[PDB]
There are 6 protein chains.
Amino acid sequence: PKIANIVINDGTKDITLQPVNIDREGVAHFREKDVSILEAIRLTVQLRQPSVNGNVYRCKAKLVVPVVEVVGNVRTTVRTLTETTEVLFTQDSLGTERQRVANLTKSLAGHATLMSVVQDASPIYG
Amino acid sequence: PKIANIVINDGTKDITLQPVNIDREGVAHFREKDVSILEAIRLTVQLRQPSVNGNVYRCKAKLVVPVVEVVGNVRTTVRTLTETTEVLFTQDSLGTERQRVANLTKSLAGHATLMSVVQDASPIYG
Amino acid sequence: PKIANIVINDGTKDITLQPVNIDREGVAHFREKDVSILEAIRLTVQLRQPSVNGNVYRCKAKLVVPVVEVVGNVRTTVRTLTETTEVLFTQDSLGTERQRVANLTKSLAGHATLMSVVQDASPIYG
Amino acid sequence: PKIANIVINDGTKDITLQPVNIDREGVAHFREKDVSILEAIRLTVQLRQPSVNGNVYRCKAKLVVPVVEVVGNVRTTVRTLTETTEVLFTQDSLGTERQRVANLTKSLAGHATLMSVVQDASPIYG
Amino acid sequence: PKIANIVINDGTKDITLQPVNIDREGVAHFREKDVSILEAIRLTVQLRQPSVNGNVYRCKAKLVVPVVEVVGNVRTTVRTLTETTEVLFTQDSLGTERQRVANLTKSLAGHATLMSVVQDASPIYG
Amino acid sequence: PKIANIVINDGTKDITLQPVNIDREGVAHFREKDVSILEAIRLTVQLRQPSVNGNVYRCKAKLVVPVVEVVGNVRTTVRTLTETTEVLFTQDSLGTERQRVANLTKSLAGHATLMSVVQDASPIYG
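Residues numbered from 1 in each chain as written, not as in the entry; some residues may be left out. Chains lettered and ligands numbered in written order. Part of a larger assembly, values for the part shown. Heavy atoms only, no water.

A. Representation of the overall build of chain A within the structure. A tally of regular secondary structure across chain A gives two helices and six strands. Going from the N terminus to the C terminus, chain A shows its helices and strands as β-β-β-β-β-β-α-α. Taking 2.2 N^0.38 as the reference for a compact globule, 126 residues should give roughly 14 Å; the C-alpha atoms of chain A span a radius of gyration of 18 Å, well beyond that estimate. Its C-alpha atoms give chain A principal-axis dimensions of about 55 × 45 × 25 Å. Taken over 126 residues, chain A has a buried fraction of 53%. (Helix = DSSP H or I, 4+ residues; strand = E, 2+ residues; numbered from the N terminus. Rg over C-alpha atoms; globule rule 2.2 N^0.38 Å. Buried < 20%, exposed > 50% of the residue type's maximum accessible area, 1.4 Å probe, protein only.)

The structure is reproduced here in structure tokens:
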């Protein structure tokens, strides 16, 4: 779609990601609004078209959340938390099919057990 | 959490994923209920604990949606659509921090522009 | 002009081409709405601006119509028809001149004898 | 018994250990609630059933208490204290016998002189 | 920010620069309203992100004012006057800092002696 | 114009740049008044006259703002922000044309959207 602001919620507030750059490879880069450059969340979104000898589409979205702290009166990033979503579908795929995959991805990432896997750092077990 | 059914929505109906298997590596496998084995959606969820010489946690969730069609009176899978979510955080991370990441992942995967990137097979552009 | 749906007509039905990509070369890719990616009619429109040394604009528009028929159980494109319009004008050109040329292009592509050349596949002779 | 929060007391405050993992070896890992992963008290509880040749059950429970103090701006575990209970019983053992042993273990761990051995770090002599 | 008309004054009148597009590199192009292509004032604005290696932002803004001679139907660019402004700031810079820089740039560009350098085509001396 | 103090404003306070050097290349170096040499804002302004073969004047003005913070007991420049204006005009250019360009440069550097590009560090998109 037309590149624009992306407003996502972090559980407590709404965060606005402003368009920043577009690669030669087609990756759309974003960055958090009203926040220091070093500590701003950033998001990259690309979609590899299939090869001439391939038929596979790759939609990759990487989100990065830094944590900056003041070390020796110098703001530095102690740790970053990353999340990568790759959706992959074939050139002969039907619109209904990839719409199903989109909605499954949504429900999956919103499902309480999956969220708890990351919140509590506990694999699923038995 | 305790392994259980995972109920996710595909935009039109609710789909129930029943527990199936648990690897030696700790991966929880699931499969769609009331549907043929070959055409059933399946979901794997694991959380790599950090190494003894590392401090990095990897929570990986792969969802697979097959499309089966009858080819020569033999049901075969023409194409599969895949989605992989990897959340990655450090051993010294705070609970509030990884909760923020969980909710950001949710809002991201529900955001209309991101969903449209896959529904319409159109990168973000400018 | 702004990027939006291009609705054209094939003499019987109106085909809606949705904006799908903006190339790194500046090419606006459109794809037929409500049709599988393989069998959709696609349209590319770019305006190559002149070099630092030159003063020549090239406006290129390629329409591609595929013919998809089912081979066994596999939908396959048997053949394709292609149309390419290319308009060249200089930087010292007047708007009124460019407009005159655009109208001539329209009148030409609507003219009975040229349409007959393509329909009947017989050139102008005798 | 069912897997659930284990609430124990340190003489002053009740620490709630939440169920976090069930190992591939059968180990139930618990982690202290509302505390950073690094500084949380953790408890592991497993019941190793006997081999095909043998008839000996081992019930192992390891409690680990870390001591985390801030070094500069970095929270670090200075030292740890560990407690390991291991109960062995045979397959021909009676429930009443096993229960007698469990009660003896409780009475023993509550006994003033053993608690004094660990608190005062002085063994039994003279 | 959001692409829109840019109105700037030339000391005698207000000149409206309408947006044209934004190319693959990220440069936003503007063209003077209601004037021929050949003789229209042009403005380009980009904010080049730092590489993965570097941490340097480059904000580039180029203004181009042509002087055209028209004799009959012969239209030729006799000369051009151009001005290009580059602002460089680091990834860890403060919004306060680059706001001071923006205001200093505005003050310099308005300063009587800096303007006299260009108006009178003489350097600073005496 | 004559060489003298250049007084510019940073939106809050007026910084006085005193004439400090005239380069062998013709560059007028200015330095911030009442500030240590290391932490002073400095400004260079030169008018490169055309070659014997050419007819192109270059007017270059570089402002450098350092950010000095105390590291231990040693004052050190953490980072710097730089702005470079470069105006090009030909020898056949009219004074009125050069003046028009200077005023456009002023209006441009004062314009809200460009100031916002540098302040908010977000380019023009959508």
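B. Inspection of the arrangement of the chains at higher detail. No other pair of the eleven pairs of chains in contact has as many contacts as chains E and F. In this structure chain C stays clear of chain D, and the shortest span between their C-alpha atoms is 45 Å. When C-alpha atoms are compared, chain D and chain F, though not in contact, are closest at a spacing of 16 Å. (Contact = heavy atoms within 4.5 Å.)

C. Quick look at the relation of the copies chain D and chain B. Mapping chain D onto chain B calls for a screw motion: a turn of 122° about the axis and a shift of 3.7 Å along it, with 0.5 Å RMSD after fitting. When the interface residues of chain D are mapped onto chain B, a mere 20% of them are again interface residues, pointing to distinct binding faces. (Least-squares fit on C-alpha atoms.)

D. Geometry of the packing of helix α1 (residues 95–110) of chain A against helix α1 (residues 95–110) of chain B. Running from N to C, α1 of chain A and α1 of chain B cross one another at 165°; their axes reach a closest spacing of 8 Å. What the angle tells us is that α1 of chain A and α1 of chain B run roughly antiparallel. α1 of chain A and α1 of chain B meet at a crossing whose hand is left-handed. Of the residues in α1 of chain B, those touching α1 of chain A at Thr105, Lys106, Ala109 and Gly110 of chain A are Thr105, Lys106, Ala109 and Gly110 of chain B. When its residues are assigned to classes, the contact of α1 of chain A with α1 of chain B shows two nonpolar, four polar and two charged. (Axes fitted to C-alpha atoms, helices over the stretch in contact; angles between N-to-C directions. Parallel < 35°, antiparallel > 145°, perpendicular 65-115°, else oblique. Left-handed = near helix turned anticlockwise from the far one by under 90°. Nonpolar A, V, L, I, M, F, W, Y, C, P; charged D, E, K, R; others polar.)

E. Here's a closer look at the pairing of strand β6 (residues 74–90) of chain F. Bridge count between strand β6 (residues 74–90) of chain E and β6 of chain F: seven bridges; the pairing is antiparallel. Counterpart to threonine 85 of chain E in the pairing with β6 of chain F is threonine 85 of chain F. Taken together, the 16 bridges between strand β5 (residues 56–71) of chain F and β6 of chain F define a ladder with antiparallel strand orientation. Each residue of the ladder has a partner; that of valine 65 of chain F, found in β6 of chain F, is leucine 81 of chain F. Linkage of β5 of chain F to β6 of chain F, two consecutive antiparallel strands, is achieved through a turn of two residues, within which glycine 72 of chain F is found at a positive phi near 65°. (Pairing = 2+ DSSP bridges.)

F. Up close: the packing of helix α2 (residues 112–120) of chain E against helix α1 (residues 95–109) of chain F. Running from N to C, α2 of chain E and α1 of chain F cross one another at 150°; their axes reach a closest spacing of 8 Å. With respect to each other, α2 of chain E and α1 of chain F are oriented roughly antiparallel. In the packing of α2 of chain E onto α1 of chain F, the handedness of the crossing is right-handed. On α1 of chain F, the residues that touch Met115, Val118, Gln119 and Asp120 of chain E of α2 of chain E are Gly95, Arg98, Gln99, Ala102, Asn103 and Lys106 of chain F. The class makeup of the residues in the contact of α2 of chain E with α1 of chain F is three nonpolar, four polar and three charged.

G. Local environment of the relation of the copies chain F and chain E. By a simple turn and slide, chain F fits onto chain E: the slide is 0.0 Å along the axis, the RMSD is 0.8 Å, and the turn is 179°. One copy is carried onto the other by what is essentially a two-fold rotation axis. Considering only C-alpha atoms, the part of chain F nearest the rotation axis is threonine 85 of chain F, at 2.3 Å. Residue by residue, 100% of the interface of chain F is reproduced at the interface of chain E, so both copies engage with the same surface.

H. Seen up close, the pattern of salt bridges. According to the stated counting rule, one finds 19 salt bridges over all chains in the structure shown. One network of salt bridges, with partners in common, ties together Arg79 of chain A together with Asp92 and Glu97 of chain B. (Salt bridge = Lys/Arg side-chain N within 4 Å of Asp/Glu carboxyl O.)

I. Main features of the interface of chain D and chain B. On the chain B side, the residues contacting the five residues of chain D number ten residues. Buried surface at the junction of chain D and chain B, summed over both partners, amounts to about 650 Å²; 59% is from carbon and sulfur atoms. Of all residues in chain D, the largest losses of buried area upon contact with chain B belong to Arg24, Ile37 and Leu38 of chain D, amounting jointly to 71% of the total for that side. One can count zero salt bridges joining chain D with chain B. (Buried area = accessible area lost by both parts, 1.4 Å probe.)

J. Representation of a nonpolar patch on the surface in the model. Residues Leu108, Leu114 and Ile124 of chain C make up a contiguous nonpolar surface patch of about 300 Å² in total accessible area. Relative to the elements of secondary structure, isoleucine 124 of chain C occurs in the segment after α2 (112–120). (Patch = residues over 30% accessible without salt bridge, like charges linked within 9 Å, V, L, I, M, F, W, Y side chains within 5 Å. Areas by Shrake-Rupley, 256 points an atom, 1.4 Å probe, with all protein chains shown as cover.)

K. Geometry of the interface of chain F and chain E. With 67 residues of chain F at the interface, the matching set in chain E holds 73 residues. Between chain F and chain E, a total of about 6,600 Å² is buried, with carbon and sulfur atoms accounting for 68% of that surface. The interface formed by chain F and chain E includes six salt bridges. Where chain F meets chain E, there are 18 residue pairs in polar contact. Where the side of chain F that touches chain E is concerned, the elements lending two or more residues are β1 (6–9), β2 (14–22), β3 (28–32), β4 (42–48), β5, β6, α1 and α2 (112–120) of chain F. (Polar contact = N/O pair within 3.5 Å; in protein donor to acceptor, adjacent residues only side chain to side chain.)

Remember, this is a structural readout, not a statement about activity or role.
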